[PDB]
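Keeping their order, the protein sequence lines are chains A and B. In terms of the authors' numbering, the first sequence is residues 1 to 99. In terms of the authors' numbering, the second sequence is residues 1 to 99. Even for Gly, the Cβ is constructed at its ideal location relative to N, Cα and C.
There are 2 protein chains.
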Amino acid sequence: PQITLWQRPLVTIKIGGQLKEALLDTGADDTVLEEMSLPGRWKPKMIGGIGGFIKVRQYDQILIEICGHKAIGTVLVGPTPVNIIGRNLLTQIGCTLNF
Amino acid sequence: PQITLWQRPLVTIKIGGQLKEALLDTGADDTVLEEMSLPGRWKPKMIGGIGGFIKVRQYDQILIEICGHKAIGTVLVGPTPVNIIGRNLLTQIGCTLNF
Ligand SMILES: O=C1N(Cc2ccccc2)[C@H](COc2ccccc2)[C@H](O)[C@@H](O)[C@@H](COc2ccccc2)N1Cc1ccccc1
């Protein structure tokens, strides 16, 4: 798909067997989703941005399906305002920026 | 050009006669630059980030060249960790996400 940025680039993702709405975010190094439970061992992490830092739980080797393209990677879970797909998973689906 | 995401999508921008580095960020609705002096009057604006809200100053019709593309638009100045080019300017340079 070729996605215009007149609006926020929201897409559906399937994770944990759940369907969710997420933003394709090229400015984000990591993927961060709102509170949910994933199976596995997790590690605490602090991630910061505009507004300061938030504590998240880091889960590795998670499978996600973005618009139909499976991808595997680390996923951070915490009190984020919107589900964000960052560069660690966008590279796996082959997403590029073009102008 | 086509930009992949294995590295942060950093580009050089020219604003006020000077060169700065900035991040092409499809997750950011607006463009926010680190503290600097711009001409004119500014208006107040509050932006929600990952760690909360920050108050920034909004300047309108500012000329900024991004990778050789001249754009004119709204730029916010505030305590951001990095210069961020958001959708309001990414649309003026014809940027899309492709996968
Ligand atoms: O705070 C952020 N994050 C922080 C972050 C860091 C790592 C992983 C995920 C997120 C970066 C931006 O900041 C940084 C900080 C450090 C390094 C790189 C980018 C995203 O890239 C932006 O897209 C947007 C992401 O989060 C949100 C929150 C609410 C609604 C929509 C998006 N903003 C806020 C923002 C909003 C508007 C203009 C400018 C910046």
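Q. Can you list the residues of chain A that residue 102/B reaches, using a CB-CB cut of under 8 Å?
A. The first residue shown for chain B is 1 and the last is 99, placing residue 102/B beyond what the model contains.
Q: Return yes when the C-beta of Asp29/A is under 7 Å from any heavy atom of ligand 1, and no when it is not.
A: The answer is yes for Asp29/A.
Q. Taking the alpha-carbon positions, what's the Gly49/A to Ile50/B distance?
A. 6 Å
Q. What three-state label does DSSP hand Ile93/A in the structure shown?
A. Three-state DSSP puts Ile93/A in a helix.
(Q) I want to see whether chain A comes within less than 8 Å of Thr4/B, judged by CB atoms only; does it? (A) yes
**Q.** For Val11/B, the nearest candidate out of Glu21/B, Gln58/B and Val77/B (CA to CA)
**A.** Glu21/B
(Q) Rounded to whole angstroms, what is the Cα-Cα separation between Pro9/A and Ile85/A? (A) Their backbone Cα atoms lie some 10 Å apart in a straight line.
**Q.** Sufficient close CB pairs (3 or more, under 8 Å) joining the segment 13 to 20 of chain B to the segment 85 to 98 of chain A
**A.** Contact annotation: the segment 13 to 20 of chain B does not touch the segment 85 to 98 of chain A, with fewer than three C-beta pairs closer than 8 Å.
**Q.** Proximal residues of chain B, C-beta to C-beta of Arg87/A below 9 Å
**A.** Within 9 Å of the CB of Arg87/A, the CB atoms of chain B belong to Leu5, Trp6, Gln7, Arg8 and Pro9, in sequence order along the chain.
Q. What span of residues does the beta strand (DSSP E) with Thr74/A cover, start to end?
A. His69 to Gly78
Q. What does DSSP give as the partner residues of residue 100/A in its beta bridges?
A. Given a span of 1 to 99 for chain A in the structure shown, any question on residue 100/A remains unanswerable.
Q. So is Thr12/A in contact with chain B if we call contact Cβ pairs under 8 Å?
A. no
Q. When every heavy atom of ligand 1 is checked, does at least one fall within less than 7 Å of the C-beta of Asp60/A?
A. no
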